[PDB]
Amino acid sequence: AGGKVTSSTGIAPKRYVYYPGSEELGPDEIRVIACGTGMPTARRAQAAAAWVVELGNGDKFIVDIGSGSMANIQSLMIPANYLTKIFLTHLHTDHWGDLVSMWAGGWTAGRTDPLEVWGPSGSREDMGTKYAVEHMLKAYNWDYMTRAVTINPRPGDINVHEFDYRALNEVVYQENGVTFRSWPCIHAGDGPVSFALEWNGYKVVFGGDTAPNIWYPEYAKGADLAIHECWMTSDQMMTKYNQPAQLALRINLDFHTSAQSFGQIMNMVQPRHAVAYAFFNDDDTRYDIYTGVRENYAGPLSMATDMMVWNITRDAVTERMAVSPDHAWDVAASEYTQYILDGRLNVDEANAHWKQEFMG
């Protein structure tokens, strides 16, 4: 598997796995990494929704930054200041829970520019991204004010770009040859969108969460990579949750996109490559989910899980797994009263040994 090795001391070419930080990105290539793929229950195997997109022009975007996804995003060996632009499909903790982590960790990790967040409005002020993010910064006001005494507060700003959720396939971002469009989703309440990324003849669709809708099939048409919610089966709902027959059946019709509905949508969409995500990707769930899609869609399919990567080139959309470090590292008025400062323990004795040795 992978490219043929041509020398003892050389580099293995077109490696069968993606090692993050190890591969040059071509000027007509997109890299998409799933840094989170699993619904609202927390689990080490699948963080909540998060996508990192690297474009051959040097631009990088995050779409969704769900609870737990930062551990994956930090494993990519991308400097913080290259990852400042974040698009939110909607305000479920499982789609922006780890914004606080990117904001706080990313700042310690050496980001020098503000975060730029694009997110939907809701049906009223207090149901949109602008309200949400302003209250998140106040929530973490003790973190912000204590950090800023010692680090210039510029990287701690969040420039929110709130776009109308109601808009049908309109531009929300246009810069340096890159366009994002939003259209609505049907999910929990008014606000959630899907995004389409267009650049250099490539189209990547980030479906977010939704029950099936008439917009995604129309506006996602002929995507290189189409990502859509794809729910576990009703049988699995009963087995895993103790759900009645009634509630279990209702969930795959009104609340979530069934695997079979996902099939229908990708049959309509005709993408180069479809990606099902949101479900628990386990040895006893994945197969009946896959069979559901296959009733209705026959074309190229990935069943998303954490750290799956797609390379989009003119000739191919190639699925691989990313092999990254679990033991990840970053790659490159006082708020104290005299009362607290007075409580410092003397430790000059215990430290004098290591201390003298280090200063030569």
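When you see a residue number, it is the position in the sequence shown, counting from 1.
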Relative to the deposited sequence, how many residues with no modelled coordinates occur between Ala332 and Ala333 (none, 1 to 3, 4 to 9, 10 or more)?
10 or more
Which has higher Cα B-factors on average according to the PDB entry: 349 to 357 or 1 to 9?
349 to 357
As the entry reports it, the stretch among 259 to 267 and 231 to 239 with higher mean C-alpha B factor is 231 to 239
Specify which of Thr112, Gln74, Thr84, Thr146 carries the largest Cα B factor in the deposited PDB entry.
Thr112
Per the entry's Cα B factor values, which of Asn57, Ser69, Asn296, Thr318 stands out as the maximum?
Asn296
Determine, from the deposited record, the chain-internal third of the Cα B-factor for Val309: lowest, middle or highest.
lowest
Among the modelled residues of this chain, does the Cα B factor of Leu247 put it in the lowest, middle or highest third?
highest
By the record's CA B-factor, is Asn176 among the lowest, middle or highest third of residues in the chain?
middle
Which third, lowest, middle or highest, does the CA B-factor of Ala223 fall in along this chain?
middle
Would you check the entry's CA temperature factor for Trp107 and let me know if it's in the chain's lowest, middle or highest third?
highest
